[PDB]
Structures are given as C-alpha cells and as structure tokens.
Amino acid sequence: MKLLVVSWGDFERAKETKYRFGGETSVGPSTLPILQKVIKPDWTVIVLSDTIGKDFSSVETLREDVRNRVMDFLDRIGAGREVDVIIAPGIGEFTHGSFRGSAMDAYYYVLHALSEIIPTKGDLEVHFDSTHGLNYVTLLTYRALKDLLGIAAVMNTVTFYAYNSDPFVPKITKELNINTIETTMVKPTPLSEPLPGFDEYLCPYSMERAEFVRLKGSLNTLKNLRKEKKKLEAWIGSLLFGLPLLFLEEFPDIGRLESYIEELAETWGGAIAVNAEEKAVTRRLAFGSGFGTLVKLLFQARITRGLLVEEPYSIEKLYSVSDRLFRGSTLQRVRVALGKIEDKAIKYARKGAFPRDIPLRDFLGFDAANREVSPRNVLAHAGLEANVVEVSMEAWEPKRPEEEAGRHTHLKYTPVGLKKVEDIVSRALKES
C-alpha cells in the first residue's frame, strides 16, 4: 500500500510555476499533480490549517468552507476526488478572522485523523511532501506520522520518503526541482510511555474553573480509565519488555478504547466557541499528552489484533506471537524462557505424564521455599516467573514428543499472579 501525505498552507495564494520530478515536468500552482503522476499512490491525504476558512456562522460551516475550497482547487489543478482532507486546528490573527487555542491541538488532531486512515494491515510505503506547508503544521504532521509509522513497523515493513521543492521566489523562478530530503526503513518502536495523570487528557485553554471541574466530573472516560490504567500499562510493558503471555492476557478491549477517544475528541469539539460577529474561533479546551497516548494505544492494538487468539495459550502460540513482536536479545530471552518449560514438557510426555493445574514452580521441580515474587525474576524470564504461572498439558498419544509437547502445554497467570505481574510491569514502565 502506497500513501501520499502533503502539508498545505494558503494553497490558493501559490503562483503558477513548473516542477521537475522523476524525469517528468509539470505546470501549475501545486506539486500534488506531478507527485501523484510519478509516485502513483493508492491513497492521498491533504493536511492544512482551518485558518484559511471564512464562514464563521459555526464550526461545521468553517470546515465546510475550507473543504469546498480544497475540492474546488483539486478540480482546477486536475488531481481527482479520491482524497482524505485533514482540517487541523490552526492559530493566529488574520484580516478575515481570528483563531485561538493551543498550537499543539494540531499534533493531537492530525494524530487522531491519521490513526483512522493509515492501514493497520500489510506493508506501507509512505510519501510526505512539505513543499507548501506552514512551518508549525508541517513539523507537527511529520511528528504524528513518524509516531504512528514506528508502531505499524512492529508488525509490517514500513518505508518513508520525504520531498520538498526548491524555495519559490516570485519574478525569478523558472522551475522548481522536487528534492528528496529523506529515505528511511522505519524502525519498530512500540508505545513506551505510561498513561499520565487525569490532569493531562483535556486542559482548559480559556474555560473557567466551574465549567471545567463540572465537565471533567461528567466524563465516563476518566472514571473507567482510573479503573483500567494499570491493566493498559501492563499491556504496553508486554511489547516493550518481551512478555508474550501478558500481551495475550491484557490485550485491550478495542470497542472500549474507541469510546474513550470518541468522548474526549467530541468534548474538545463541543468546547470550540465560534463568534459570527467578531469572526473569532476560541478552542476553550486543549488536548493533553494523555489523548495522544490513548490514540497510539488504540493504533498499537489494531496493528497487533491479528495475533490475539482464543485461550488457552500454548508454548507454540507464545513462540509464534514472540517471533512477530520481538527482535534481538529480547526475542532470544523469550525463546530461552519458553524453551526451559518446553524441555520439561517433552520429558513428562516421553513418560506418559500430563500434569494439569500445576504451578510452574512444581512443573520445573523448584523448591517450595522460594515463593516471593521479585521484579527481577518477572522481567528477566519474559514474565513467566515460576510463582505466578500455572501449567496444564493436554493428554495425547505422543509419537514425536519433541515437536508435539509445545502446542499441548498451556500457560496462564493465576488470579493473584496476574495482579503482582501487573504491578511490577506498570511500575517498571513509569521509571522507564
């Protein structure tokens, strides 16, 4: 899949020039037609600031004005309708109207929008044009794109190309080359932050205390998050630290994560004030880092949901999941931890023993004496510490016990064991 993302400012103010790109040439006010002709992408995203809009009767009319002006300009330059348009919240005082709010709303808004567009299945070839962009929208869009692509790179091959034309200068420019400014294979970077404090999801920009306190207390989302926070941090730590059983057992509820992000986004939306008379937009609520973390968390769950299975969870599944999630010494750590349990399983099966509901301590033949659960042992043994894991082997008639034992031996956390694992992993994440 080939994805073209372009950063635009006041696109209607661009002068007619010509562009050079992939040994093609082109005449007009935009790079987008020659980029589409050479790169031939499956999908195009246009990112710009709402600060070009002029219809101040309401928020939906402002977006409608900006969107009509993009669609009119696409027909003019001949670029086709097969496009997504991200209308980011911009800032500044202009003659045609006034736009106020946190500038970082643009990062959170674009991140949210891109998280619903970037495919969560298959390889990605991503092309980014900064040519026409505002400094601030371009930098925040670059950053949001890189953050989600780093997460998609845990499951899939992700390549990224950046473009920028030579500087335009009126009255002297004959033609602009579209330069390559980046060519990267994106490294896998799983989410590596805890969920923050409840002061950090939605922040007052210009809303008084009575309205904010009442609004913050009205949100189901912050109530339900208080309750799941430690479970979600447990899951984040499972990709970061190499804990394949914790990855499956703490796998988040995607419907639930959707409704948290929906409720925060539409509360941010409802707090935007549009004054038709003064031609002022005030974004009275600002997004905080916690909204960004939730968006990334949902995206990471969509990227990895292919690996989630129906319990019970076998050694063979834990190998299979681990091969997709983990690399380097992390992956070898997991294979050493799983291998020790698999070896004992092969020996039991060889002698027609099939233990059920047995603590991992007993299965491995450890001392009943060492039942304290340390951070050190939970983290250094892929989360499979002998005092928190229970083992069950299915009974079968073995023929090749060395190939068969692994799929027939199931592991789960004990109820008590899970809660101690959750505490250790949550705590290790927060002291990163």
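We number the residues from 1 along the sequence you see.
As listed in the deposited structure, the average C-alpha B-factor of 337-345 and of 78-86 is greater for 78-86. Just going by the entry, 138-146 versus 269-277 on mean CA temperature factor gives the higher value to 269-277. Which of 304, 289, 159, 218 has the largest Cα B-factor in the deposited entry comes down to 218. The entry assigns its greatest Cα B factor, within the set 254, 309, 318, 114, to 309. For residue 166, the recorded CA temperature factor ranks within the middle third of the chain's modelled residues. Among the modelled residues of its chain, residue 282 has a C-alpha B-factor that falls in the middle third, as given in the PDB entry. The entry lists a Cα temperature factor for residue 249 that places it in the middle third of the chain's modelled residues.
Compared with the other modelled residues of the chain, the Cα B-factor recorded for residue 194 ranks in the highest third. Looking at the C-alpha B-factors along this chain, the one for residue 258 belongs to the middle third.
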